[PDB]
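Below is one structure, written out as structure tokens, with a few remarks after it.
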Amino acid sequence: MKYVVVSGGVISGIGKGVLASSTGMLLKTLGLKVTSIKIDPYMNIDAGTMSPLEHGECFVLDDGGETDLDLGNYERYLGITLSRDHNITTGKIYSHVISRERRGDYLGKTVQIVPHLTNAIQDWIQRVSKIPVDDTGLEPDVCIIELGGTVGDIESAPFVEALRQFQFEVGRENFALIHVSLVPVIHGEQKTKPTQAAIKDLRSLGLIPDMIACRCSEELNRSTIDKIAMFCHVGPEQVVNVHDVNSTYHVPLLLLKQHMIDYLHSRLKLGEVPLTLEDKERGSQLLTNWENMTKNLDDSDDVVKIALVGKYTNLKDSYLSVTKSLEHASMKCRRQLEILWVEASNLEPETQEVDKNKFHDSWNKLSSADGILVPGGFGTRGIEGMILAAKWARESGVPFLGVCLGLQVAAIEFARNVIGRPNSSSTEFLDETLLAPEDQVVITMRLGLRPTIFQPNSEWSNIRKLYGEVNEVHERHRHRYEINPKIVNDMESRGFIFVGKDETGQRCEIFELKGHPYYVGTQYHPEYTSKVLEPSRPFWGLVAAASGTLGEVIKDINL
Amino acid sequence: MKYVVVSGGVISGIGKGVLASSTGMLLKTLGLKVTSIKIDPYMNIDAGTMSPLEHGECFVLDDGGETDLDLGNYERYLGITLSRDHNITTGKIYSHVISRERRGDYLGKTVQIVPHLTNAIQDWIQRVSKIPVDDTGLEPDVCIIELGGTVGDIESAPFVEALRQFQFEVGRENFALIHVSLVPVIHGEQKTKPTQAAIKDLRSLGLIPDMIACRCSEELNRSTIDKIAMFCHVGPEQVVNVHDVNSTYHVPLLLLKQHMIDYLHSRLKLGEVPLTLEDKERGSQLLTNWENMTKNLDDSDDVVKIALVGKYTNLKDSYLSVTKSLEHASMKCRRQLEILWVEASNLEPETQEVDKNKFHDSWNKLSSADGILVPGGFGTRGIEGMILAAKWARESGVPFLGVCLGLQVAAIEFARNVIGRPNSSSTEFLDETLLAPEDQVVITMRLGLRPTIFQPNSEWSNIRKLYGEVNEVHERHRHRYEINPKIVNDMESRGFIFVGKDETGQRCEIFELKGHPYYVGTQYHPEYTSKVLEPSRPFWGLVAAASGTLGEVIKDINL
Amino acid sequence: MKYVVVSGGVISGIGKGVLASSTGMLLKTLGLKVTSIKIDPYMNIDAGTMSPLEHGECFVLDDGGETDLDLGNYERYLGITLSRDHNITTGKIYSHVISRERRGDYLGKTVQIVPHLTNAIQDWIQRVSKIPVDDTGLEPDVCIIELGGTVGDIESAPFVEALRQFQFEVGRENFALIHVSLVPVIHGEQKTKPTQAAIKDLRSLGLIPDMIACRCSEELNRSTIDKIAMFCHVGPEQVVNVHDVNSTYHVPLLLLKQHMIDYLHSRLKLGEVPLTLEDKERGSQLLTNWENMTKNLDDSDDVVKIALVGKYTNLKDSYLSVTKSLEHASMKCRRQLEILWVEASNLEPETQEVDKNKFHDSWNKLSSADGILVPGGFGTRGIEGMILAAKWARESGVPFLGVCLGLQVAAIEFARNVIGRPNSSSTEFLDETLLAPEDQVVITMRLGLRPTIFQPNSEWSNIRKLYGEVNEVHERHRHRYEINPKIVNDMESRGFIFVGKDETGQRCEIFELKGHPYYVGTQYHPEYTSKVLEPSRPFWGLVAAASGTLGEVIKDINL
Ligand SMILES: Nc1ccn([C@@H]2O[C@H](COP(=O)(O)OP(=O)(O)OP(=O)(O)O)[C@@H](O)[C@H]2O)c(=O)n1
Ligand SMILES: Nc1ccn([C@@H]2O[C@H](COP(=O)(O)OP(=O)(O)OP(=O)(O)O)[C@@H](O)[C@H]2O)c(=O)n1
Ligand SMILES: Nc1ccn([C@@H]2O[C@H](COP(=O)(O)OP(=O)(O)OP(=O)(O)O)[C@@H](O)[C@H]2O)c(=O)n1
Ligand SMILES: Nc1ccn([C@@H]2O[C@H](COP(=O)(O)OP(=O)(O)OP(=O)(O)O)[C@@H](O)[C@H]2O)c(=O)n1
Ligand SMILES: Nc1ccn([C@@H]2O[C@H](COP(=O)(O)OP(=O)(O)OP(=O)(O)O)[C@@H](O)[C@H]2O)c(=O)n1
Ligand SMILES: Nc1ccn([C@@H]2O[C@H](COP(=O)(O)OP(=O)(O)OP(=O)(O)O)[C@@H](O)[C@H]2O)c(=O)n1
Ligand SMILES: [Mg+2]
Ligand SMILES: [Mg+2]
Ligand SMILES: [Mg+2]
Ligand SMILES: [Mg+2]
Ligand SMILES: [Mg+2]
Ligand SMILES: [Mg+2]
């Protein structure tokens, strides 16, 4: 086993999550079975309690574990599947050892937070890094630990102590620390004193740093690096600069130009880890897929405009997984992406009574879009705008994907505007009216990776061509409310055909509309399973249809 | 009793199985009641657990014993019937003696693998070689043992020790060893050092060789033989060469030109075995049937093209028994065979959306074929191509045989395309839909040689003419799923007549379609029962219909 | 993790088990949490099927796992508790992977013994060496693997391959090989060619040796070591000599004079393993307990004679754990031990009709003994001699311990000779007579470590003083037959008081007779739990009573 801990910061907004998700990617190019752990200093047990307004979207794992965003960034960069244990939190570990006290397992000793709770952290990291994460049950070679918060805090405090002991309870040369740090620029001069005042605290809290990964606004001066290597004890080759480049998928290749694999190969003796040619050649091939997709980003010019239609579009992190899946689908089509933020409530005609500028800008963005996405919203208060965009996408022939709530407004749209029931309703919203035309029903939660089976006649469905025509699809779910299955025999007659269903047959999970270029609902969330080299099939479908050449993508899949 | 053990190899891919199946054939020309034993060093109990992708097809014996391919090669060369005991394996003998330990039969001694387990091998070979195998219950005169793996391994190790003791526990002059060996050619020179480095190991592991059966790319030089006879202790007449010739049915006659009967008659004193004229004259007559059928192969020119339509056609060993039965049927018709590999999924119209070249090449091969075979596939994922080939074979009048799954897609085709139920389905595939037009039902396994009785009106059926009009047929089965017997009264009315059924009447086992030149389903497997001088009657039917002169074959049978 | 494999031999009787049990002891003096694994090439699943005549006694583990003797030698040298998984066997691993085939877990591949079964060995050793074995659930630092059989065999063959891969699947510098070897002496010359013909085979089978641990009859000549270091590649300091010394408890200190800790500290980098002072100071203290107890053996002169009374005394290995527990008890009392082998059937008066010399020698040895032991025999055919020795031990006041069957003949003796029922009987023997005075009953097996609770009044019992007066005792059991609990209220009245019972109260497990210097039955086996620095309390009681100063031992315990 080996560990690399990514850590530090003068400030908590500094962006450690790319250097974690990008260090682990570079180590996966050596062919190593890499894994990752997030530490979050917040008290939440797991993210399911905190709304998407409050620091971004509610992620989903194979377990159903509603979790921190930063798990998702490692899953999509590293190709790995994570579990709800990979998110260490102050909530979890304190709830764990305090529940263990009432169980009695410390034999009625004191449960001081030094010794015993820092021992539970060091045990948890050693459990979790041995859980398998790739397509086979082989245990990881290297674990990337992202230490949330900063080193020099009061929510960080048990973790930085636990990791001082863990620098020895796992031997040095099986552990390395990467310290992210701030180097401000003021009046044209690079200021390395915030960094030198977090190297003092790092040595004090007891870890010793290996890298000094500065988030400067610039290239670091040769004299700036020379002084950081005088005040921190690292050699000047190790003072990596992580400055902005044309997209975040380039960041691994900047770190590779900055020798970071050659340093980590030495500093963790990675030549002593046992690897097969099936490991190593997969490693060097994955490097060439990353060099190819970044070269394709560097000279892709032909734009594709996708309208993302929903509430809270000013909080873009409320959709981080939706955005990132369109970026993967974009780079695979070799069309450059623009996403058009349509704040759905502005499409509703009553907006014309409040501000006409909002009513025109939103319908302008929607009309300009080469493809349309209803992105699995939350709450109900924007729903009429999401219905109008689904009417537009059906009648104007524009490519369409409905995710989760998106499948459900598509059924509501089709009921109101093709089946001809204008009172038909989201039972998710208009409940205590008790009306008969209910497009949905509550069936109290359903979460995690679940099996979707294709219905028998489905051969013609573009969505089934995009899934490689395989009879079952494994994808991640969230929904309380599902389509009322007593309308399905009507929709099945009117050309709205339910391509895919749950294994009991009673629950509807995919539809495709007959006789449209690409119009799909998926009631699972296709966002979360997308990887940077394997875009999620419904999202690859959307960005292909909007680019043209949907047929040529269907060959690239099925060959 | 006498034994000939066929053994050895520098490399395991060297092809011992022909020299075994061809040594035993030469001894059967002396009229001896020959038998054979396969040793397989793998840990499988029996082949039923390992899929046809993984080292070829899943064979079937009279017992229902799902077994190694190499049993089949002896059955068809030697005319013998084998039993699941004739396949010795590392799985079987270790499962046997370790189960015998918990039963207690070693009286609470240690069960060392020397002495006791090598004694169980020497007991098993002495049990098995006394089991009868011909058309009468007479015990074998000579047993051919094929030692799988190589002599000089760790999976071979108990067998080569057991056979060192067995060289004495059965006397010398009742035992002989044939060592197959590699003589590479490099820069134009024959290299006999791989062979001399397996004669060293053979003497070391303790058996002494009799023959040195080289698999060179060439005729062995007279100086190459002279040096192999200097480093091995065999005389130069005994260094047989087993080089390639125009078909594997010639290999016995090469070994007969190379004195191998005259040597084995001496080296095992085969003149001292008691034989009747009914043995000896059957022996010398069978030799003339082999000289005749090889002479017929040497100047047969008129081709017959048979389309073999199924999944995994790149894995030709997944169909080894199907191929070999067509070769017997070919040589009996005196038409030279070409088999057209139709990878069935390419016939499905959706292939035109993926690669048109595959769609044309597959329909081109199918259209070019003089006869068509649906070869008892496995899984379900190619089934629509196998249905289209059955539609083609019915409407275009081309000769057709459906084996196992082949009978079942023929019923599905006939239901969809003549009875007019386009939703009718393989219950083997489309199960949890619970539809009413089920062409099949599960009835949990059914294996081995079973009795098929012809239904009363059957006199006109070409398949019943090919079985000599005899009222019952004994053939080998495998099927979980069988035709739904509640459709049969419809098919019986529409000219799809079930010529043969199980003894209870409730299960359907053969059909022939009225008013077509030759269109047959058999739900048993006709492949496995074919012998090199007695081709399986449905396969003799197919290759005759495709050659023309199906009527002239029906005289050759019934006279 | 670290491994040391102890291996090799020109001959299998060479005595590797001391060098294993003594290498692991030396590593435990560094304070490392050492564990050990036995490999036995025999086909037995576990030793319960093989009688104590056939290669020695039937051991017992905490699990109830009836196991190879050699587990016991590590338990008593290393202080560790083992589990039935620590005994790898050819029986177990082949029964495991062949049972795994019928379960299907190789996905229907071939299960060749190369790749897949050698992978199961390498998995089993990596599972087993992480099971905890000390008084706390901390996983081992170093594992000693004793490779049974020899390197250069056919029962060894999968293990030596598995260990060639395991030299890399665990990195070099986490693995070391110790090769035990034979150096015969003939006509006064040391012959190192058997050794040089097992170094050739070792390199061939692919492991590389580190030590060359010769079992010569002598000190190795400086020229003999120099030539072994010329033909093996080890340096001459590493050619350890393991010659005979005054008792086997000295062997670790010979290996310590021969630098073997200083070599293993270097060759496995044991300075890089994390240790506490509670580890290290326990390590260096345990070394001084071993230096003290070996110094006490070097000048202890005052003999104590213990009669071991039972069947099969010519097969001393049928009692190896009984003998070894008396040696621990001896060295703790500082009296030198003689054990008097009383073949129990010779004490029976009918022997006087067959050979008077046997009748006198056996009663002479019994009369000469300072203490008496009935050692948990097997079968029944010597029982009357074991009853007469129990009569003698009760009436002549001599110190007595009955183990298992020993407690039971003590109840039978007391019934016949104090309660006055001369027909009272072992129901273990005289069953189908159906008599009313049954001293025993069948209650179908009971095995492993079980809880014994002391009965309330027990304060005066010397056995309860020897157990430190603690209310519950944890010790290892074997018995089908137990004392008939309907006699206990009589024995409890006559001064035969059942000091200890099972937690249900219904089963009787210890007795002590009132008003005798030391007379104890234990129905568990106290032998197996004795350690070289912690002799089993009933056996420490016996050898103390026989030495005199039983009171002074009771202070050494309770202080
Ligand atoms: N490979 C990555 C990593 C991060 N981000 C972006 O980074 C964001 C949040 O910043 P991040 O780098 O994850 O760190 P912070 O949120 O600043 O938090 P912290 O520094 O506490 O780790 C999101 O907007 C996400 O789009 C990204 O696009 N690609
Ligand atoms: N740890 C330090 C670093 C610097 N100085 C002194 O503080 C003066 C002003 O600090 P500065 O020159 O700004 O040093 P930097 O570390 O570069 O500060 P910044 O990065 O913000 O420019 C220096 O000339 C030096 O004499 C100090 O006392 N202690
Ligand atoms: N009389 C024979 C014997 C073998 N084969 C061909 O030989 C094959 C496999 O090789 P074989 O000679 O059976 O031996 P190997 O598979 O090489 O295995 P081994 O050498 O371990 O016995 C099959 O493709 C089969 O068509 C054949 O056509 N006719
Ligand atoms: N068992 C043997 C055989 C040959 N030689 C020597 O090795 C030399 C080279 O071997 P080579 O001449 O190639 O002998 P072959 O056995 O024919 O090797 P190959 O079949 O590969 O040509 C010979 O001249 C001979 O002196 C040897 O030492 N031991
Ligand atoms: N620390 C030890 C180790 C072994 N023995 C003695 O050694 C015996 C058996 O020999 P052992 O050294 O265990 O090995 P072998 O039986 O010769 O078997 P192998 O060489 O196959 O391991 C028993 O009589 C036992 O008394 C001992 O007294 N003390
Ligand atoms: N591997 C070896 C070792 C020795 N010799 C030769 O064989 C002769 C006789 O062997 P010996 O002198 O007995 O060597 P040892 O290895 O000591 O044999 P032993 O230990 O039995 O005395 C030696 O003089 C030497 O020339 C050899 O050919 N090959
Ligand atoms: Mg803040
Ligand atoms: Mg972050
Ligand atoms: Mg191979
Ligand atoms: Mg073969
Ligand atoms: Mg022996
Ligand atoms: Mg031993």
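Labeling convention for the structure tokens: chains A, B, ... as they appear, residues from 1 per chain, ligands from 1 in order of appearance.
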
8 Å contact set for residue 537 in chain A, only C-alpha atoms, chain neighbours under 4 positions out, as a VMD selection string: chain A and resid 463 466 to 467 526 541

Within-10 Å residues of ligand 1, basis only C-alpha atoms and all ligand atoms, as a ChimeraX atom specification: /A:6-9,11-22,38-41,55-56,69-70,72-74,76-77,146-150,180,247-252,316-321,323-324

Helix (DSSP H, G or I) per DSSP on the backbone: members of range 73-256 of chain B, as a PyMOL selection string: chain B and resi 73-78+84-86+90-103+113-128+157-169+193-205+222-231+236-238+248-256

Go ahead and save the picked residues with C-alpha atoms, as a JSON list (two decimals), in the first residue's frame.
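This went into out_14.json:
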[["chain", "number", "residue", "atom", "x", "y", "z"],
["B", 73, "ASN", "CA", -12.18, -37.91, -31.35],
["B", 74, "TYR", "CA", -11.73, -41.50, -30.10],
["B", 75, "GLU", "CA", -15.49, -42.26, -30.30],
["B", 76, "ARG", "CA", -15.69, -41.21, -33.97],
["B", 77, "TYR", "CA", -12.35, -42.78, -35.07],
["B", 78, "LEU", "CA", -12.78, -46.06, -33.13],
["B", 84, "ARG", "CA", -17.73, -40.27, -18.05],
["B", 85, "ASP", "CA", -15.17, -42.41, -16.15],
["B", 86, "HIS", "CA", -12.95, -42.56, -19.32],
["B", 90, "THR", "CA", -6.86, -33.88, -11.64],
["B", 91, "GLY", "CA", -10.26, -32.61, -10.46],
["B", 92, "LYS", "CA", -11.82, -36.08, -10.42],
["B", 93, "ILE", "CA", -9.04, -38.15, -8.82],
["B", 94, "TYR", "CA", -8.26, -35.58, -6.10],
["B", 95, "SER", "CA", -12.04, -35.08, -5.41],
["B", 96, "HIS", "CA", -12.31, -38.92, -5.28],
["B", 97, "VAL", "CA", -9.47, -39.68, -2.83],
["B", 98, "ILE", "CA", -10.20, -36.56, -0.67],
["B", 99, "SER", "CA", -13.92, -37.59, -0.50],
["B", 100, "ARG", "CA", -12.70, -41.13, 0.34],
["B", 101, "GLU", "CA", -10.75, -39.66, 3.32],
["B", 102, "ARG", "CA", -13.91, -38.25, 4.97],
["B", 103, "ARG", "CA", -15.45, -41.74, 4.33],
["B", 113, "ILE", "CA", -0.06, -38.49, -2.75],
["B", 114, "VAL", "CA", 2.81, -41.01, -3.43],
["B", 115, "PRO", "CA", 1.67, -44.59, -2.57],
["B", 116, "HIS", "CA", -2.02, -43.93, -1.97],
["B", 117, "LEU", "CA", -3.27, -41.43, -4.64],
["B", 118, "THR", "CA", -0.97, -42.89, -7.37],
["B", 119, "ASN", "CA", -2.47, -46.25, -6.34],
["B", 120, "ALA", "CA", -6.00, -44.80, -6.95],
["B", 121, "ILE", "CA", -4.89, -43.75, -10.50],
["B", 122, "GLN", "CA", -3.51, -47.24, -11.16],
["B", 123, "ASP", "CA", -6.78, -48.72, -9.85],
["B", 124, "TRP", "CA", -8.95, -46.31, -11.92],
["B", 125, "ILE", "CA", -7.11, -47.13, -15.20],
["B", 126, "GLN", "CA", -7.54, -50.88, -14.41],
["B", 127, "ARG", "CA", -11.27, -50.44, -13.65],
["B", 128, "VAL", "CA", -12.00, -48.28, -16.70],
["B", 157, "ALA", "CA", 3.18, -35.02, -11.72],
["B", 158, "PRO", "CA", 0.95, -37.67, -10.02],
["B", 159, "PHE", "CA", 0.08, -39.18, -13.44],
["B", 160, "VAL", "CA", 3.71, -39.66, -14.55],
["B", 161, "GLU", "CA", 4.50, -41.31, -11.17],
["B", 162, "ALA", "CA", 1.36, -43.44, -11.26],
["B", 163, "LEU", "CA", 2.39, -44.55, -14.80],
["B", 164, "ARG", "CA", 5.96, -45.35, -13.66],
["B", 165, "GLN", "CA", 4.42, -47.78, -11.11],
["B", 166, "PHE", "CA", 1.89, -48.90, -13.76],
["B", 167, "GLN", "CA", 4.75, -49.95, -16.06],
["B", 168, "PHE", "CA", 5.26, -52.77, -13.48],
["B", 169, "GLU", "CA", 1.91, -53.22, -11.67],
["B", 193, "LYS", "CA", 17.37, -30.54, -28.89],
["B", 194, "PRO", "CA", 13.80, -29.72, -27.58],
["B", 195, "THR", "CA", 13.10, -33.49, -28.19],
["B", 196, "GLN", "CA", 16.43, -34.55, -26.46],
["B", 197, "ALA", "CA", 15.46, -32.26, -23.46],
["B", 198, "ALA", "CA", 12.09, -34.13, -23.06],
["B", 199, "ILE", "CA", 13.75, -37.65, -23.35],
["B", 200, "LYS", "CA", 16.02, -36.62, -20.45],
["B", 201, "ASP", "CA", 12.94, -35.61, -18.39],
["B", 202, "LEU", "CA", 11.01, -38.74, -19.46],
["B", 203, "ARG", "CA", 13.78, -41.11, -18.22],
["B", 204, "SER", "CA", 14.02, -38.95, -15.06],
["B", 205, "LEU", "CA", 10.23, -39.13, -14.24],
["B", 222, "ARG", "CA", 17.76, -39.58, -42.45],
["B", 223, "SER", "CA", 20.56, -37.90, -40.41],
["B", 224, "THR", "CA", 17.93, -36.28, -38.06],
["B", 225, "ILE", "CA", 16.38, -39.70, -37.34],
["B", 226, "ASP", "CA", 19.86, -41.24, -36.89],
["B", 227, "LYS", "CA", 20.74, -38.61, -34.20],
["B", 228, "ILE", "CA", 17.34, -38.92, -32.41],
["B", 229, "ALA", "CA", 18.00, -42.72, -32.34],
["B", 230, "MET", "CA", 21.50, -41.97, -30.86],
["B", 231, "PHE", "CA", 20.20, -39.74, -28.01],
["B", 236, "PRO", "CA", 15.73, -45.47, -36.23],
["B", 237, "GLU", "CA", 12.73, -47.38, -37.72],
["B", 238, "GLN", "CA", 10.69, -46.27, -34.64],
["B", 248, "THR", "CA", -6.62, -35.88, -40.78],
["B", 249, "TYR", "CA", -8.37, -39.09, -41.94],
["B", 250, "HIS", "CA", -5.12, -39.94, -43.82],
["B", 251, "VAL", "CA", -2.98, -39.91, -40.61],
["B", 252, "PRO", "CA", -3.58, -43.61, -39.70],
["B", 253, "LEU", "CA", -2.35, -44.66, -43.19],
["B", 254, "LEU", "CA", 0.88, -42.60, -42.79],
["B", 255, "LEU", "CA", 1.54, -44.43, -39.51],
["B", 256, "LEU", "CA", 0.78, -47.72, -41.34]]

Contact residues (chain A, partner chain B, 12 Å, only C-alpha atoms) as number ranges by chain: A: 453-462, 464-466, 468-471, 501-506, 550-559

Interatomic distance, CA of residue 309 in chain C to CA of residue 498 in chain C (Å, one decimal):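 So the answer is 23.1 Å.
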
Spatial neighbours of residue 299 in chain A, max dist 10 Å, only C-alpha atoms, sep filter under 6 positions, as a ChimeraX atom specification: /A:334-336

Who sits within 12 Å of residue 482 in chain A, only C-alpha atoms, same chain under 6 positions skipped, as a PyMOL selection string: chain A and resi 404-409+411-412+426-428+438-446+488+501-502+506-510+522-524

Spatial neighbours of range 63-65 of chain A, max dist 6 Å, only C-alpha atoms, sep filter under 3 positions, as an NGL selection string: :A and (60 or 84 or 447-448)

Per-residue DSSP, range 174-351 of chain B, filtered to strand (DSSP E or B), as a ChimeraX atom specification: /B:175-181,185-186,189-190,211-214,241,303-310,336-343

Separation of CA of residue 209 in chain B from CA of residue 10 in chain B in Å: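 CA of residue 10 in chain B sits 14.4 Å away from CA of residue 209 in chain B.
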
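The gap separating CA of residue 399 in chain A from CA of residue 518 in chain A is 5.0 Å, in Å to one decimal.
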